[PDB]
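First comes the structure, then the notes that go with it.
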2 protein chains.
Amino acid sequence: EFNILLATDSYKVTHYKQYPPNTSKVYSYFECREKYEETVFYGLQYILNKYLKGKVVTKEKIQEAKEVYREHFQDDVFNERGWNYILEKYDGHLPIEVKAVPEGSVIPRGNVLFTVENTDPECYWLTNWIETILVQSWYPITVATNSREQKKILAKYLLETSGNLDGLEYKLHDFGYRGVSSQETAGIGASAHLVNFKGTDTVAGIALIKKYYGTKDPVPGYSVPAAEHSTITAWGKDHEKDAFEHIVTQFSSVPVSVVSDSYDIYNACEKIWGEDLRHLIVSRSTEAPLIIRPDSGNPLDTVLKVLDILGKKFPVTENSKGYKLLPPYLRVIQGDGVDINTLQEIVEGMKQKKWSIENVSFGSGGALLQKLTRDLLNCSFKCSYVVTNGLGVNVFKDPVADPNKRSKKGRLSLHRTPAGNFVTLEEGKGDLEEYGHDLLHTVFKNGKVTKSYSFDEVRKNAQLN
Amino acid sequence: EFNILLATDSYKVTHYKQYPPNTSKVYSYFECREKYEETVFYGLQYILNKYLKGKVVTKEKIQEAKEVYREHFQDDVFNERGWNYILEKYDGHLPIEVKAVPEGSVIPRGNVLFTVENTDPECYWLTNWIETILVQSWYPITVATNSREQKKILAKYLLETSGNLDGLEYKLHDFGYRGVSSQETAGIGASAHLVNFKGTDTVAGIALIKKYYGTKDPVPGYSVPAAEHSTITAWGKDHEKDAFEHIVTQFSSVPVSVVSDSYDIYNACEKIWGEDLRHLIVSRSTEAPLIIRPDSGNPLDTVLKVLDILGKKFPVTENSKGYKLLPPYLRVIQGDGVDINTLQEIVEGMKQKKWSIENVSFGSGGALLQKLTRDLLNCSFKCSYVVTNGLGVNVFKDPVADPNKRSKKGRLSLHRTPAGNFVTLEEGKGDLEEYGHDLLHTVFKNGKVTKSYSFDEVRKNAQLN
Ligand SMILES: O=C(NCc1ccc([C@@H]2O[C@H](COP(=O)(O)O)[C@@H](O)[C@H]2O)cc1)Nc1ccc(S(=O)(=O)c2ccccc2)cc1
Ligand SMILES: O=C(NCc1ccc([C@@H]2O[C@H](COP(=O)(O)O)[C@@H](O)[C@H]2O)cc1)Nc1ccc(S(=O)(=O)c2ccccc2)cc1
């Protein structure tokens with residue numbers, strides 16, 4: 001099915017011919033180059049298990065590569081020899097060593113996160129070949145990081161307005177399934193979000209977690225019964241009340257989310273929920289609340305006006321922090337216009353009008369799982385060290401016009417500092433042992449995963465202070 | 001392997017219970033809602049063939065869904081009955097009809113592009129079950145569209161500065177493989193780019209084309225031998241000239257791209273290429289030119305200073321439009337900081353300094369295939385028509401705070417206007433036959449692809465004026 005020989009930037013096919021003659025080692029590292037001051041390291045284990053481990057080279061896959069690349073370049077540039085070596089010598093197991101910080105670890109920017117080097121001098125070319133597939137770890141890293149930053153904002157404001165962080169892990173739902181570029185992207189994105197939260201509408205995210213990480217948590221992911229516009233609008237413009245009444249009665253004993261902005265969000269909250277069907281809401285259990293979903297207008301203005309309306313029609317309490325609280329059978333979900341920037345504006349506006357964050361949970365789609373790029377955290381793979389004619393050489397780029405594109409020199413290691421911070425030691429200075437043990441661990445060697453983490457370990461490592 | 005029962009927004013599991021009783025039909029449409037004034041319709045055929053066609057329901061997949069959703073909701077909310085019906089009645093073939101504009105069609109914004117309706121009254125729920133997976137067509141649509149807009153800019157400036165569009169389809173390369181969220185996303189993205197251009201470093205893009213569309217073109221995709229920083233830097237800081245000389249000699253008879261900004265782009269062009277190795281460049285064939293790749297600094301400023309340096313060291317001609325032309329053995333690739341916005345700035349700045357666009361080709365990665373979202377063209381799926389108690393009802397949303405989120409009413413059709421423009425007719429007004437035949441065709445019915453397009457047809461349909 002998958003052919004790792006095809007799974008590279010096609011130009012890398014020619015790179016074995018381009019390295020200095022008598023090169024026995026190519027050593028390369030991945031970092032989130034130097035606001036996202038710290039990144040969550042998550043997703044490498046998925047790639048290692050799915051694509052890189054075991055017998056990944058066959059006679060068929062070498063022949064497929066030869067044909068595919070011959071057409072692509074209109075020239076017989078693909079080299080079977082190096083792949084035939086790996087097939088014959090190691091039964092198609094990749095002779096590379098990958099070291100990495102533990103999955104879920106929170107590491108400041110500008111630090112070595114993983115390194116790759118060949119274990120056989122004949123496979124010097126292989127380190128660079130697998131750059132492309134390993135670099136795609138930027139996505140689960142960037143989703144996990146951006147999601148965790150949104151969790152920080154929710155943590156600050158939930159603690160301020162309620163005095164606790166009860167239910168924090170249910171405050172930001174993944175609605176991104178339709179808004180991402182592929183089914184595979186949806187799975188990886190959902191799992192990266194689930195490092196921080198439990199809410200997703202992509203069950204493939206939980207399947208990815210169970211298969212590639214594993215969990216002792218009986219409920220690692222969840223969702224709630226919810227309406228869409230179609231299940232309201234299908235009743236006709238004049239029968240919105242009938243749609244509401246049908247759905248809350250059909251889901252009387254469980255939580256139900258009901259989109260209320262089909263025609264007039266403010267009419268729906270004040271006249272339909274707040275008057276006509278009030279008796280069907282106030283009778284509902286604390287375990288089975290109505291969640292009103294606005295989905296249009298200015299996100300903050302809409303939330304404030306909805307809470308104002310519900311406050312006028314339902315009994316509002318004031319909690320011990322002096323913040324207004326809706327009854328336990330009634331809540332709101334803001335599933336429109338939420339990203340890292342707007343989330344901050346919304347909880348701040350809610351705090352200024354003395355509404356507890358426990359009143360409103362949040363959802364994000366494209367902004368959560370799609371509107372992220374490799375440049376967000378500057379995720380890149382760079383050659384730092386080579387052995388040529390048996391002599392180690394510390395290598396790096398340093399473009400005269402952009403110092404930010406300078407890469408690190410030589411053999412790298414990651415260390416805790418005395419004050420509890422992080423330092424990446426260059427030029428093999430880790431060997432001086434002036435800091436503790438290297439924080440990177442061998443996770444991959446000669447086609448085998450040597451060190452693995454449960455999703456429980458990932459979540460624990462990725463926790464907030 | 002893939003389970004379409006799991007491949008929905010998890011809340012849609014409950015929607016069969018939410019539609020009005022006695023609903024026999026759910027009819028829904030996809031549009032790029034109302035700068036991208038026109039969109040390329042591409043990628044639906046990939047989804048229909050990969051995920052939706054044939055026996056997609058089994059006893060095992062129904063049992064998997066029951067278990068997966070029971071945990072996800074902590075409640076037995078998944079309905080086996082509807083799926084057991086489809087299994088027993090249609091041998092697991094989906095009883096839906098999908099109509100769509102031809103693949104590669106260029107359609108203005110705010111027009112019906114495809115429609116979905118159930119063909120069996122028992123499967124009214126199925127239309128909106130498959131929303132999530134069909135909506136993911138936003139990505140190949142948005143990539144194809146954004147790529148075509150970049151082609152328009154290159155077309156304008158290439159014609160202006162050269163007098164022809166020779167090699168236009170090779171002017172923008174896909175470097176996006178590492179910069180996208182998954183391997184599947186890389187394939188789909190590359191194929192969407194290849195609607196407009198032939199340059200990609202993702203061979204999976206060509207494999208997707210051949211398998212899901214097919215082509216009579218012997219060379220639908222291509223790439224060129226190229227260096228990366230690693231194959232230059234590995235030689236050591238003092239041996240940049242040696243790396244250059246080795247690579248151009250190893251690729252003497254083919255085109256070779258050589259990244260030249262490792263240490264000092266301007267030193268490399270003036271002193272290394274322009275003096276030390278000049279004799280190895282000026283001897284090269286028109287079919288095997290050196291391509292210098294800057295990869296840092298202000299994109300426009302760097303390009304202009306590079307061309308100025310090469311102009312001072314190599315013979316420059318002036319073409320019949322009065323624009324400066326490098327010798328046929330020497331060209332430039334700007335593979336850094338290129339997107340729809342900057343591409344315009346670069347070719348404009350090149351034109352103002354009287355440099356032909358023939359001199360410089362372009363490459364884009366994340367900006368091409370990753371930094372795109374569903375909201376770019378406002379791609380959405382909406383229920384427009386239902387039959388309840390045997391009576392047709394025209395349905396729509398109309399949120400009071402956002403008129404732009406208003407959806408279309410009733411049975412839809414797409415028509416050419418007398419002046420050669422497009423109109424979407426609502427409320428079944430297509431039946432009046434004032435505007436000739438509906439442009440949408442049945443592409444899917446009862447688990448079978450009924451209408452298919454070659455990638456040759458897609459490319460022809462997606463052509464510039
Ligand atoms: O309401 C739902 N899903 C439905 C849904 C459907 C669609 C959307 C939005 O609409 C967009 C789709 O529209 P277009 O296609 O773009 O036109 C989508 O991208 C997203 O932005 C949002 C939500 N889920 C849900 C989940 C958890 C909560 S809770 O955390 O409050 C809570 C948890 C547990 C117990 C009590 C409370 C509340 C609600
Ligand atoms: O030069 C190459 N590929 C190599 C390459 C490698 C990397 C890059 C850039 O670097 C990024 C990766 O770096 P980081 O990981 O972010 O640090 C990547 O995203 C991209 O931005 C760009 C290019 N190919 C190539 C293709 C076609 C032309 S042509 O159209 O001029 C032409 C066509 C036909 C005959 C003659 C001429 C010229 C050159």
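What's counted below: heavy atoms across the whole structure, side chains too, no hydrogens, waters or symmetry copies. By convention in this document, chain letters (A, B, ...) are assigned in the order of the sequence lines, proteins followed by strands, and residues within each chain are numbered from 1.
Of the two parts of B:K198, neither the backbone nor the side chain holds a non-hydrogen atom closer than 4.5 Å to a non-hydrogen atom of chain A. Only the backbone of B:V224 comes within contact range of chain A, with heavy atoms under 4.5 Å apart. Only the side chain of B:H229 comes within contact range of chain A, judged by heavy atoms closer than 4.5 Å. Heavy atoms of A:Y139 lying under 4.5 Å from chain B belong exclusively to its side chain. With a 4.5 Å cut-off on non-hydrogen atoms, A:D295 touches chain B through its backbone and its side chain both. With a 4.5 Å cut-off on non-hydrogen atoms, B:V386 touches chain A through its side chain but not through its backbone. For chain B, the nearby parts of A:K17 are the backbone and the side chain; heavy atoms of each come within less than 4.5 Å. With a threshold of 4.5 angstrom between heavy atoms, B:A204 does not approach chain A through any atom at all. Proximity to chain A (any heavy atom under 4.5 Å) is shown, for B:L6, by both the backbone and the side chain. Using a 4.5 Å cut-off between heavy atoms, B:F381 makes no contact with chain A at all. Of the two parts of A:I247, only the side chain, counted from C-beta on, holds a non-hydrogen atom closer than 4.5 Å to a non-hydrogen atom of chain B. For chain A, no part of B:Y385 is nearby; none of its heavy atoms comes within less than 4.5 Å. With a 4.5 angstrom heavy-atom cutoff, B:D375 does not touch chain A via any of its atoms. Neither the backbone nor the side chain of B:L134 comes within contact range of chain A, judged by heavy atoms closer than 4.5 Å. Both the backbone and the side chain of A:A227 have a heavy atom closer than 4.5 Å to some heavy atom of chain B. Neither the backbone nor the side chain of A:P255 comes within contact range of chain B, judged by heavy atoms closer than 4.5 Å.
No donor-acceptor distance shorter than 3.5 angstrom exists from the side chain of A:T132 to the backbone of B:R178, with no hydrogens or angles considered. Remark: the backbone N or O of B:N267 is paired with a side-chain donor or acceptor of B:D264 at under 3.5 angstrom. A donor-acceptor pair is defined here as one N or O able to donate and one able to accept, closer than 3.5 Å; such a pair exists between the side chain of A:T8 and the backbone of A:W129. Checking side-chain atoms of A:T23 against main-chain N and O of A:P20 turns up a donor-acceptor pair under 3.5 Å.
Highest contact tally toward chain B, considering only A:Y263, A:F175, A:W235, A:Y11, is held by A:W235 [criterion: heavy-atom pairs under 4.5 Å]. Ranked by heavy-atom pairs shorter than 4.5 Å toward chain B, the options A:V256, A:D301, A:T14, A:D9 are led by A:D9. Interface summary for chain A: among B:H246, B:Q250, B:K371, the most heavy-atom pairs under 4.5 angstrom belong to B:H246. Ranking B:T200, B:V180, B:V135 against chain A, the residue ahead of the rest is B:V180, based on heavy-atom pairs under 4.5 Å. Heavy-atom pairs under 4.5 Å with chain B peak, among A:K237, A:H239, A:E71, A:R406, at A:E71. Chain B forms the most heavy-atom pairs under 4.5 Å with one residue out of A:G366, A:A234, A:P225, A:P218, and that residue is A:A234. Per-residue heavy-atom pair counts under 4.5 Å with chain A were compared for B:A367, B:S384, B:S230, and the maximum is reached by B:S230. Ranked by heavy-atom pairs under 4.5 Å with chain A, the first of B:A243, B:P294, B:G43, B:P21 is B:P21. Highest contact tally toward chain A, considering only B:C383, B:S223, B:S296, is held by B:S223 [criterion: heavy-atom pairs under 4.5 Å]. For the options A:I133, A:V13, A:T388, heavy-atom pairs under 4.5 Å to chain B are most numerous at A:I133.
Closest of all the heavy-atom pairs between A:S407 and A:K397 is OG-N, 2.9 Å. Between B:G297 and A:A401, the shortest heavy-atom distance links the atoms CA-CB, 3.8 Å.
One finds no salt bridge joining B:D75 and B:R70 here, because no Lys/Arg side-chain nitrogen approaches an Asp/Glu carboxylate oxygen to under 4.0 Å. By the 4.0 Å N-to-carboxylate-O rule, A:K405 lies close enough to B:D336 to be salt-bridged with it. Between A:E228 and A:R293 there is no salt bridge, since no side-chain nitrogen of the basic residue lies less than 4.0 Å from a carboxylate oxygen of the acidic one.
Taking the ring centroids of A:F78 and A:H72, they lie at or beyond the 6.0 Å cut-off. Aromatic ring centroids of A:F73 and B:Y222 lie 6.0 Å or more apart.
Counting heavy atoms from C-beta outward, A:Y177 and A:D201 have side chains that stay 4.5 Å or more apart.
Between A:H15 and A:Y19, the angle of the ring planes goes over 60°, which puts this pair in the perpendicular group of the 30/60° scheme.
Cation-pi geometry between A:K305 and A:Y266 is met: the NZ or CZ atom falls under 6.0 Å from the ring centre, inside 45° of the normal.
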Self-check item: Worked check of side chain to side chain donor-acceptor pair (under 3.5 Å) between A:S181 and B:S181
Solution: CA-CA 8 Å; A:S181 48; B:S181 47; 3.3 Å; yes
